[PDB]
Amino acid sequence: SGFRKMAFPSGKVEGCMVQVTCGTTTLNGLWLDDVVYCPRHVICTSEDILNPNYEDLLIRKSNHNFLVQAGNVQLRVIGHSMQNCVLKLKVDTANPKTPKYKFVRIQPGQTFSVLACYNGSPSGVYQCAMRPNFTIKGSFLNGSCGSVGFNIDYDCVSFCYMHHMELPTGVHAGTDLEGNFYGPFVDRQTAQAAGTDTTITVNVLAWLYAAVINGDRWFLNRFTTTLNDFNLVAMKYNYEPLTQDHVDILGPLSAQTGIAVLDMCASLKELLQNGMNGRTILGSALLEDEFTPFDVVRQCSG
Amino acid sequence: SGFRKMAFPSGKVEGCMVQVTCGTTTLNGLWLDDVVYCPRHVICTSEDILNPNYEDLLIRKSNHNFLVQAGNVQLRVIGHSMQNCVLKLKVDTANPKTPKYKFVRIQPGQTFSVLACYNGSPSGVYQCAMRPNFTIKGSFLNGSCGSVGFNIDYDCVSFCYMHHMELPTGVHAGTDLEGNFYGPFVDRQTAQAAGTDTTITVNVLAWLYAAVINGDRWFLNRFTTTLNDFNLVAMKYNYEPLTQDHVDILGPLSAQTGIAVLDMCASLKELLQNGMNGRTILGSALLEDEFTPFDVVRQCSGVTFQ
Ligand SMILES: Cn1cnc(Cn2c(=O)nc(Nc3cc4cn(C)nc4cc3Cl)n(Cc3cc(F)c(F)cc3F)c2=O)n1
Ligand SMILES: Cn1cnc(Cn2c(=O)nc(Nc3cc4cn(C)nc4cc3Cl)n(Cc3cc(F)c(F)cc3F)c2=O)n1
């Protein structure tokens with residue numbers, strides 16, 4: 001029983017974190033095989049941040065401008081290339097701690113664990129969701145760049161996020177491991193603002209199914225709804241519209257609980273018009289949206 | 001900026017998790033040097049667990065009954081003994097991934113990370129607080145026994161918790177690494193209920209500081225109070241008393257933010273009576289009591305753990 005926001009064990013990723021220094025800039029790098037991945041803005045200087053010409057600054061660089069440190073062992077950069085917004089440094093030793101891994105681009109609503117790192121030393125691990133506006137509500141201090149977000153599946157580590165910047169609103173923006181940003185953001189110090197955020201409706205429904213599995217009983221109702229009537233109400237509360245794809249994803253949870261998806265949608269609808277009247281669901285008095293339908297199945301009973 | 005529930009990087013502990021099997025019972029073990037630690041209830045049958053004599057159950061068992069699985073390599077038990085509610089299995093090989101470690105016992109309100117495992121395979125990590133009633137609000141499914149709770153200081157892993165059982169109310173109970181239970185529980189199949197829990201007050205104030213550091217400042221008032229006046233109100237609302245030691249611990253947060261604790265207690269005092277009036281603090285609609293003052297300083301000052 002119980003229900004906690006749970007992160008993945010971070011050991012496989014801890015063995016890959018290194019320190020990348022270029023000039024005075026020091027951030028974290030992800031060391032897989034004989035390549036260290038890190039945000040390309042590490043080659044920028046105080047002046048080259050508002051409008052950096054990264055191709056010009058990199059063709060500009062020699063391998064011995066980069067200092068890579070795995071613990072007290074300085075790796076030797078033997079080559080450096082750029083792929084979109086990630087820098088790739090070839091090093092002369094493959095990381096013997098490299099796990100089975102792949103690079104995956106995730107979609108808004110998907111969750112992942114983030115290993116916060118400073119000077120290449122892991123500091124803590126937590127759970128995140130890719131917001132519908134392509135930001136993440138992280139916990140990051142200066143020097144956290146290069147920290148990665150991941151999932152683990154049968155000792156295979158899917159890397160799906162690398163941290164680059166903090167936006168004015170306090171949220172954070174990053175890329176996948178191929179250097180493509182999530183969202184309309186760029187690795188520049190120019191004026192940048194994220195879209196208005198919305199609640200991941202499919203995740204809340206999943207969480208509500210998790211409450212019933214754990215026996216929570218107070219929010220459901222005798223009502224059902226049409227997909228369009230629900231979406232009409234939800235959008236008026238800054239909730240993401242729900243598509244038939246989402247309804248399909250919830251299928252297994254609905255099957256396990258004997259509560260149809262559109263029945264539960266009617267329960268979310270009522271919850272949005274009444275509130276929760278002092279009560280809580282799985283210990284929360286707000287609706288949680290950082291549990292996917294996959295997560296709910298993994299952590300909950302059967 | 002930002003603020004999250006954060007656990008210690010679990011890697012040092014992951015290299016110590018093994019699967020222990022006794023008969024049909026199978027749970028997790030902690031492999032440190034040439035000893036494997038796990039709950040003693042593994043030697044129990046579905047009826048001996050109702051009322052056992054762990055003494056006699058143990059001595060009757062032999063070494064080859066304990067299947068100690070380290071991933072897939074099998075470990076050879078060359079001895080076994082008890083220490084309170086934790087069983088100890090001596091194996092022929094010392095764990096080469098053994099971290100710099102010690103066994104500590106924590107107080108209520110102190111936090112730790114938990115590495116939930118199943119069949120010796122680490123599955124997820126999360127951050128707990130020992131509740132005042134000596135339970136922890138965990139997320140465990142069957143197979144989780146032997147999952148361990150720890151803290152990391154520099155390169156030292158401090159093991160402080162081992163999971164044993166879930167209570168009928170859903171919360172969880174276990175021992176320190178020396179077998180001593182946390183709270184008034186026994187490792188037996190009987191009717192056991194959790195005592196009435198309370199709010200870790202010093203952790204709520206520490207969380208309010210984290211909110212201020214993140215610029216969430218609406219709850220700050222203008223008033224100040226006294227420990228007496230606060231604690232009189234706090235007892236009514238099932239809040240833990242705030243001691244003089246608690247105030248000194250909030251010292252650095254106080255000086256970093258310009259908000260003297262007791263001034264902060266006035267804010268928490270108001271929040272306790274008037275509620276939050278449809279507002280939120282760090283996005284949460286409840287007062288968060290699972291962040292210690294050191295937790296807050298650690299997370300807002302970037303301290304790493306190698
Ligand atoms: C508060 N916060 C939360 N996450 C972040 C991420 N982040 C960061 O870690 N560092 C940044 N600037 C640097 C300055 C340096 C000074 N020295 C000596 N070394 C430095 C290294 C960095 Cl990496 N930034 C700012 C930033 C980073 C970018 F990648 C970008 F495109 C624009 C930016 F304004 C930062 O956001 N900070
Ligand atoms: C859902 N949940 C989450 N945490 C818990 C605690 N807990 C547990 O995890 N396992 C238990 N019995 C086992 C049966 C097994 C059958 N096989 C094949 N392997 C098994 C392993 C275990 Cl560990 N129990 C029961 C239990 C064990 C005790 F030590 C005790 F004092 C009281 C109890 F009710 C359990 O509570 N469940």
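Note: hydrogens, waters and symmetry copies are ignored here, and every other heavy atom, side chains too, is used. Just so you know, ligand 1 is whichever comes first in the structure, and atom 1 is the first atom listed for that ligand. Numbers restart at 1 for each chain; the letters A, B, ... are given by sequence-line order, proteins then strands.
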**Student:** Under 3.5 Å, is there a donor-acceptor pair between the side chain of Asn133(B) and the main chain of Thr135(B)?
**Tutor:**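 At least one qualifying donor-acceptor pair exists.
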**Student:** Looking only at heavy atoms, is any part of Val42(B) under 4.0 Å from ligand 2, and if so is it the side chain, the backbone, or both, or is it neither?
**Tutor:** neither
**Student:** Give me the nearest non-hydrogen protein atom to atom 32 (C) of ligand 1 as residue plus atom name, then the distance to 0.1 Å.
**Tutor:**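 For atom 32 (C) of ligand 1, the nearest protein heavy atom comes out as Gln189(A) NE2, 3.6 Å.
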**Student:** Checking a contact table here: which protein heavy atom is nearest atom 12 (N) of ligand 1, and how many Å away?
**Tutor:** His41(A) NE2, 4.5 Å
**Student:** Number the atoms of ligand 2 from 1 as they appear, then name those within less than 4.0 Å of a heavy atom of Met165(B), with their elements.
**Tutor:**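 Near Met165(B), meaning under 4.0 Å from one of its heavy atoms, ligand 2 has 6 (C), 31 (F), 36 (O).
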**Student:** Starting from atom 10 (N) of ligand 1, which protein heavy atom do you reach first, and at what distance in Å?
**Tutor:** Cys145(A) SG, 3.7 Å
**Student:** Classify the contact between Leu141(B) and ligand 2 as side chain, backbone, both or neither, using a heavy-atom distance cut-off of under 4.0 Å.
**Tutor:** backbone
**Student:** What atoms of ligand 2 come closer than 4.0 angstrom to any heavy atom of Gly143(B)?
**Tutor:** 9 (O)
**Student:** In terms of atom number and element, which parts of ligand 2 are under 4.0 angstrom from non-hydrogen atoms of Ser1(A)?
**Tutor:** 1 (C)
**Student:** Mind checking whether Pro39(A) has a heavy atom under 4.0 Å from ligand 1?
**Tutor:** no
**Student:** To which protein heavy atom is atom 1 (C) of ligand 2 closest, and what is the distance rounded to 0.1 Å?
**Tutor:** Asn142(B) N, 3.5 Å
**Student:** Counting only non-hydrogen atoms of the protein, does one fall under 4.0 Å from atom 25 (C) of ligand 2?
**Tutor:**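 There is no protein heavy atom less than 4.0 Å from atom 25 (C) of ligand 2.
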**Student:** Nearest heavy atom to atom 2 (N) of ligand 1: which of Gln192(A), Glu166(A), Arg40(A), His172(A) does it belong to?
**Tutor:**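 Of the listed residues, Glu166(A) has the closest heavy atom.
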**Student:** Would you say atom 34 (F) of ligand 2 has a protein heavy atom nearer than 4.0 Å?
**Tutor:** no
**Student:** Strictly inside 4.0 angstrom of atom 19 (N) of ligand 1, do you find any protein heavy atom?
**Tutor:** yes
**Student:** With no hydrogens and no angle check, do the side chains of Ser1(A) and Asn214(A) hold a donor and an acceptor under 3.5 Å apart?
**Tutor:** yes
**Student:** Determine if the distance from atom 14 (C) of ligand 1 to the closest protein heavy atom is below 4.0 Å.
**Tutor:** no
**Student:** Within ligand 2, which atoms have a heavy atom of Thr25(B) less than 4.0 Å away?
**Tutor:** 19 (N)
**Student:** For atom 5 (C) of ligand 2, what's the nearest protein heavy-atom neighbour? Residue, atom name and distance, please.
**Tutor:** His163(B) NE2, 3.8 Å
**Student:** Number the atoms of ligand 1 from 1 as they appear, then name those within less than 4.0 Å of a heavy atom of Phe140(A), with their elements.
**Tutor:** 1 (C), 2 (N), 3 (C), 4 (N)
**Student:** Under 4.0 Å from any heavy atom of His164(A), which atoms of ligand 1 are there?
**Tutor:** 6 (C), 7 (N), 27 (C), 28 (C), 29 (F), 35 (C), 36 (O)
**Student:** Counting only heavy atoms on the protein side, is anything nearer than 4.0 Å to atom 8 (C) of ligand 1?
**Tutor:**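 Under 4.0 Å from atom 8 (C) of ligand 1, at least one protein heavy atom found.
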**Student:** Hey, does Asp187(B) come in under 3.5 Å of ligand 2, counting only N/O atoms on both sides?
**Tutor:**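 Between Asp187(B) and ligand 2 (N or O atoms, distance only) the closest approach is not under 3.5 Å.
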**Student:** Give the atom numbers and elements of ligand 2 that come within less than 4.0 Å of a heavy atom of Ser144(B).
**Tutor:**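 Those atoms are 3 (C), 4 (N), 9 (O).
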**Student:** Taking the six-membered ring where the residue is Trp, are the ring centres of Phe185(A) and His164(A) under 6.0 Å apart?
**Tutor:** no
**Student:** Under 4.0 Å from ligand 1, counting heavy atoms only, is it the side chain of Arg188(A), its backbone, both or neither?
**Tutor:** backbone
**Student:** Is it the case that more than 12 heavy atoms not belonging to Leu50(A) sit under 6.0 Å from its CG atom?
**Tutor:**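 Yes - once you tally the heavy atoms of other residues, nucleotides and ligands closer than 6.0 Å, there are more than 12.
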**Student:** Tell me whether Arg105(B) forms a cation-pi arrangement with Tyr182(B), defined as NZ or CZ under 6.0 Å from the six-membered ring centre and within 45 degrees of its axis.
**Tutor:**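 The answer is yes; both the distance and angle limits are met.
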